[PDB]
Amino acid sequence: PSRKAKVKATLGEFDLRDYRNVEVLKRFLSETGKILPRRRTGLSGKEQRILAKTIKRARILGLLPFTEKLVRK
Amino acid sequence: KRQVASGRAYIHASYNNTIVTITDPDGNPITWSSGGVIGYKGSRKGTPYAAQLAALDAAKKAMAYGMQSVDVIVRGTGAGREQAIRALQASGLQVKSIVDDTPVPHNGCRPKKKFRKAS
Amino acid sequence: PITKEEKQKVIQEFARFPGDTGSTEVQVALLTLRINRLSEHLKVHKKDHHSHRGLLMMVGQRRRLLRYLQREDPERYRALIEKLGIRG
Amino acid sequence: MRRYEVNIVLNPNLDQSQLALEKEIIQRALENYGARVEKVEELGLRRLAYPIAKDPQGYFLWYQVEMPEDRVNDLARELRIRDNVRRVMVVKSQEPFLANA
RNA sequence: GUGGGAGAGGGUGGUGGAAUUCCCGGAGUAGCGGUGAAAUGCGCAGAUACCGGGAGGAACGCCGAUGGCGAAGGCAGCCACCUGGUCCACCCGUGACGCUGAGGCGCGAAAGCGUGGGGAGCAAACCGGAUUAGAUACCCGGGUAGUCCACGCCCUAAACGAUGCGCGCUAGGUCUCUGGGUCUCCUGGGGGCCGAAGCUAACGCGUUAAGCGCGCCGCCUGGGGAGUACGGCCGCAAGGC
Ligand SMILES: [K+]
Ligand SMILES: [K+]
Ligand SMILES: [K+]
Ligand SMILES: [K+]
Ligand SMILES: [K+]
Ligand SMILES: [K+]
Ligand SMILES: [K+]
Ligand SMILES: [K+]
Ligand SMILES: [K+]
Ligand SMILES: [K+]
Ligand SMILES: [K+]
Ligand SMILES: [K+]
Ligand SMILES: [Mg+2]
Ligand SMILES: [Mg+2]
Ligand SMILES: [Mg+2]
Ligand SMILES: [Mg+2]
Ligand SMILES: [Mg+2]
Ligand SMILES: [Mg+2]
Ligand SMILES: [Mg+2]
Ligand SMILES: [Mg+2]
Ligand SMILES: [Mg+2]
Ligand SMILES: [Mg+2]
Ligand SMILES: [Mg+2]
Ligand SMILES: [Mg+2]
Ligand SMILES: [Mg+2]
Ligand SMILES: [Mg+2]
Ligand SMILES: [Mg+2]
Ligand SMILES: [Mg+2]
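The rules we used
Residues numbered from 1 in each chain as written, not as in the entry; some residues may be left out. Chains lettered and ligands numbered in written order. Part of a larger assembly, values for the part shown. Heavy atoms only, no water. UniProt positions renumbered as here; feature names shortened; annotations may be inferred. Salt bridge = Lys/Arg side-chain N within 4 Å of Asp/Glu carboxyl O. Helix = DSSP H or I, 4+ residues; strand = E, 2+ residues; numbered from the N terminus. Buried < 20%, exposed > 50% of the residue type's maximum accessible area, 1.4 Å probe, protein only. Pairing = 2+ DSSP bridges. Near = heavy atom within 4 Å. Polar contact = N/O pair within 3.5 Å; in protein donor to acceptor, adjacent residues only side chain to side chain. Contact = heavy atoms within 4.5 Å. Buried area = accessible area lost by both parts, 1.4 Å probe. Nonpolar A, V, L, I, M, F, W, Y, C, P; charged D, E, K, R; others polar. Patch = residues over 30% accessible without salt bridge, like charges linked within 9 Å, V, L, I, M, F, W, Y side chains within 5 Å. Areas by Shrake-Rupley, 256 points an atom, 1.4 Å probe, with all protein chains shown as cover. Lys, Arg positive; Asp, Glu negative; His and termini not counted. Charge placed at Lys NZ, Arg CZ, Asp CG, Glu CD. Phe/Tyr/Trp six-rings, centres within 6.5 Å; stacked < 30°, edge-to-face > 60°. Axes fitted to C-alpha atoms, helices over the stretch in contact; angles between N-to-C directions. Parallel < 35°, antiparallel > 145°, perpendicular 65-115°, else oblique. Left-handed = near helix turned anticlockwise from the far one by under 90°.

This deposited entry lists X-ray crystallography as its structure determination method and 3.6900 Å as its resolution.

The PDB entry annotates chain B as 30S RIBOSOMAL PROTEIN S11 originating from Thermus thermophilus.

By the naming in the PDB entry, chain A is 30S RIBOSOMAL PROTEIN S18, taken from Thermus thermophilus. The record held by UniProt for chain A lists under Function the comment "Binds as a heterodimer with protein bS6 to the central domain of the 16S rRNA, where it helps stabilize the platform of the 30S subunit." As stated in UniProt under Subunit, the record for chain A gives "Part of the 30S ribosomal subunit. Forms a tight heterodimer with protein bS6."

Draft legend 1. Local environment of the pattern of salt bridges. Following the criterion strictly, the structure yields 20 salt bridges over all chains and no others. When the shortest N-O distance is used, the salt bridge between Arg20 of chain A and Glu41 of chain D registers 2.8 Å. Of this pair, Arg20 of chain A sits in the loop between strand 1 (14-15) and helix 1 (22-25) while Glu41 of chain D sits in the loop between strand 2 (36-40) and strand 3 (45-47), which puts the two residues in different chains. The class for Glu41 of chain D is partly exposed, based on a relative accessible area of 33%. Notably, a salt bridge pairs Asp101 of chain B with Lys69 of chain A, separated by 3.2 Å at the nearest N-O pair.

Draft legend 2. Looking closely at the sheet that holds strand 2 (residues 19-23) of chain B. A sheet is described by the order of its strands in space; here six strands give the open sequence 2(A)-5(B)-4(B)-1(B)-2(B)-3(B), paired in mixed fashion. Every other strand in the sheet has two partners, leaving strand 2 (70-71) of chain A together with strand 3 (29-34) of chain B as the edge strands with one partner each. Across four bridges, strand 1 (residues 5-11) of chain B lies against strand 2 of chain B in antiparallel orientation. Bridging from a neighbouring strand, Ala9 of chain B pairs with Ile22 of chain B of strand 2 of chain B.

Draft legend 3. Representation of the protein's contact with RNA strand E within the structure. Taken together, 92 residues surround RNA strand E, and among them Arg49 of chain A together with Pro29, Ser43, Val104 and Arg110 of chain B come closest. Among atoms of RNA strand E positioned within 4 Å of the protein, sugar and phosphate together represent 77%. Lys56 of chain A is positioned such that a nitrogen or oxygen atom in its side chain is 3.0 Å from a base oxygen of RNA strand E. Between RNA strand E and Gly22 of chain C there is a distance of 2.9 Å, counted from a sugar or linking oxygen to a backbone nitrogen or oxygen. Examining the composition of the surface near RNA strand E, we find that 12 residues originate from one element, helix 3 (residues 49-72) of chain C, more than from any other.

Draft legend 4. Representation of the environment of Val4 of chain B within the structure. Mapped onto the secondary structure, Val4 of chain B falls in the segment before strand 1. Apart from residues no more than four positions distant in its own chain, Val4 of chain B is found in contact with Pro25, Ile30, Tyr65, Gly66 and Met67 of chain B.

Draft legend 5. Molecular detail of the interface of chain A and chain B. The partner chain B presents nine residues to the seven residues of chain A that form the contact. Each partner contributes to the roughly 660 Å² buried at the junction of chain A and chain B, and carbon and sulfur atoms together form 49% of this total. Taken together, the links from chain A to chain B amount to five residue pairs in polar contact. Residue composition of the side of chain A that touches chain B, by class: three nonpolar, one polar and three charged. Bridging between strand 2 of chain A and strand 5 (residues 94-100) of chain B involves two bridges; their strand directions are antiparallel. Paired with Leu70 of chain A across the strands is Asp100 of chain B, a residue of strand 5 of chain B.

Draft legend 6. Just a positive patch on the surface, in detail. A contiguous patch of positive charge, built from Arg63, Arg64, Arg67 and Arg87 of chain C, is present on the exposed surface. Along the chain, the position of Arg63 of chain C falls in helix 3.

Draft legend 7. Just the interface of chain D and chain A, in detail. Taken together, the contacts link 21 residues of chain D with 25 residues of chain A. Between chain D and chain A, the buried area comes to about 2100 Å², and carbon and sulfur atoms account for 55% of it. Inspection of the region where chain D meets chain A yields two salt bridges. Here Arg46 of chain D makes a salt bridge to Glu23 of chain A, at a shortest N to O gap of 3.1 Å. At the surface where chain D touches chain A, the tally comes to 13 residue pairs in polar contact. For the side of chain D that touches chain A, the secondary structure elements donating two or more residues are strand 1 (2-10), strand 6 (85-92) and strand 7 (98-99) of chain D. The biggest single contributor to the side of chain D that touches chain A is strand 6 of chain D, with three residues.

Draft legend 8. Just the packing of aromatic side chains, in detail. Residue and element names in this part refer to chain B. Evaluation of the coordinates by the stated rule reveals three aromatic pairs over all chains. Taking 6.4 Å as the distance between ring centres and 90° as the angle between the ring planes, the aromatic pair formed by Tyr40 and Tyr49 counts as edge-to-face. Of the residues examined, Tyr40 reaches a relative accessible area of 24% and is grouped as partly exposed.

Draft legend 9. Broad picture of the packing of helix 2 (residues 24-41) of chain C against helix 4 (residues 76-85) of chain C. Residue and element names in this part refer to chain C. Put simply, helix 2 and helix 4 touch, their axes get as near as 11 Å, and they point 30° apart. In terms of their interaxial angle, helix 2 and helix 4 are classed as roughly parallel. As helix 2 packs across helix 4, the resulting crossing turns out to be right-handed. For the pair helix 2 and helix 4, contact is made by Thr24, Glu25, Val28, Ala29 and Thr32 and by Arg76, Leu80 and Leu84, respectively. A class-by-class count of the residues in the contact of helix 2 with helix 4 yields four nonpolar, two polar and two charged.

Structure representation (structure tokens):
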């Protein structure tokens, strides 16, 4: 039932608040810009809840996509 | 009468009528079809079959406009969204890439009574 | 809003003795501080109803201590009302 | 006096003079709003996710500052006036929360 | 008091993107739309589909939950400011300062009223198209109020947990939100699920009681007549108590 690794264990000592580390945040977005479900970012209620606002900030500095297109359909 | 050989192929599939536009690599249309162009008149315009002829016809029409390969773009959830692309792979153009791009509001406009649940 | 030093300068100015922080004076002194600050914020923002509730309560609480201060020691009661400037 | 981080994204197709100009006007602004610098990270251009202002790229700044709370909104409101400055996001600084410690 | 903490709690200003709609330009040919099937409707004055540009209003996708905040009605992009509530730890200060609460006062979804302002989409009334044995209605196309904002009224509801507030007491187990800790766990405050004792007419409730108690407020006394009449009070009116 939808399984793989959690984006969490693929990273190390990382700031969940830096709206500027595009290089990392991107990982928490799907093929579409859509923000990944907890059951995949493997985060905790509070963690996830922070990563949300931290993303949407970057999404405004145009460092992260609001939305993307689905290749191979 | 010009030349292209490579371009975009949009599909505007719908629960009412699939329709295919074909354009140059810049977006400007070249030839289009649809269940309407093809004979069909009423509902029948929706059928996957319709979507077939529409796709094919549209390709055929650009085959002569001088074209060989195209990038596909899907928009909508047609009764025959798929046989619109399937008609293309079996049409005779190199389907470089098939991309989905259905427009989705980030929740904005009230829909019609029939589409309720999103004011 | 109301910061650290902001608070002391009044608890300092209102303690019955060194270290007193829950004096029925120190308490009322503080409620008033807020109460007034809150009443400024509602001078404009007259629409912010939820803030108003808090005030309505902050006031009751102040009136409640006062009420007691005046039963136990009807002197200090005068003092407080004098310093602060209450009733009118 | 609270610590704010100020972001500024502006048209990436500018020579020194123009850059130098807005860069000054921006400093020239923080001066008037009780804002004091604490460090400025100046990442040049970068590949934008979406096209901000017809452009596919943008020039970034970043300003660790401290200034009077009351006059933040004024500052932000004042930085946007330039037609080159196409993004201003000011933020209350805050300590890094750390997942996967 | 100090030191921490979570949060769509509230008010104000600003701002970001997706989408609809309309306008401008390119390209483009015979239909688009819509339905069970159709027609009304729009299109040769060039529509739909496609690309670039602009305007405007309204709502905030993924995150989102079985989740969070609030006294309730309710609250969901982002940022800043202004502000309320509340939880924990430390055991530091005051020393019964408490609880409830008829009147009174304030808040109160939606629809509705007044005056200005705005108006994209939706949409009562309404204009048409169909459907049926009939057409008023369900289905389709248009469309005004309204929906949106400021200020002022309106004071109702399946305003629901159909469960008034406070406190003390009475097995556990499991999931979760959020704090602290000697951090396979314990402990404090929320939110759910089973279930002891017990209660219940049954259903079910069961440390978030509908159990065992105490205080205080509201309310009930067959159905229809009827939330009607009369009288009063509030309202500009609708109409409310
Ligand atoms: K003590
Ligand atoms: K109301
Ligand atoms: K209303
Ligand atoms: K009105
Ligand atoms: K209709
Ligand atoms: K009942
Ligand atoms: K913990
Ligand atoms: K509990
Ligand atoms: K039993
Ligand atoms: K109880
Ligand atoms: K009777
Ligand atoms: K009457
Ligand atoms: Mg059709
Ligand atoms: Mg909030
Ligand atoms: Mg046009
Ligand atoms: Mg005609
Ligand atoms: Mg003609
Ligand atoms: Mg033309
Ligand atoms: Mg307009
Ligand atoms: Mg909930
Ligand atoms: Mg609550
Ligand atoms: Mg607060
Ligand atoms: Mg003593
Ligand atoms: Mg009006
Ligand atoms: Mg309509
Ligand atoms: Mg049970
Ligand atoms: Mg009777
Ligand atoms: Mg009635």
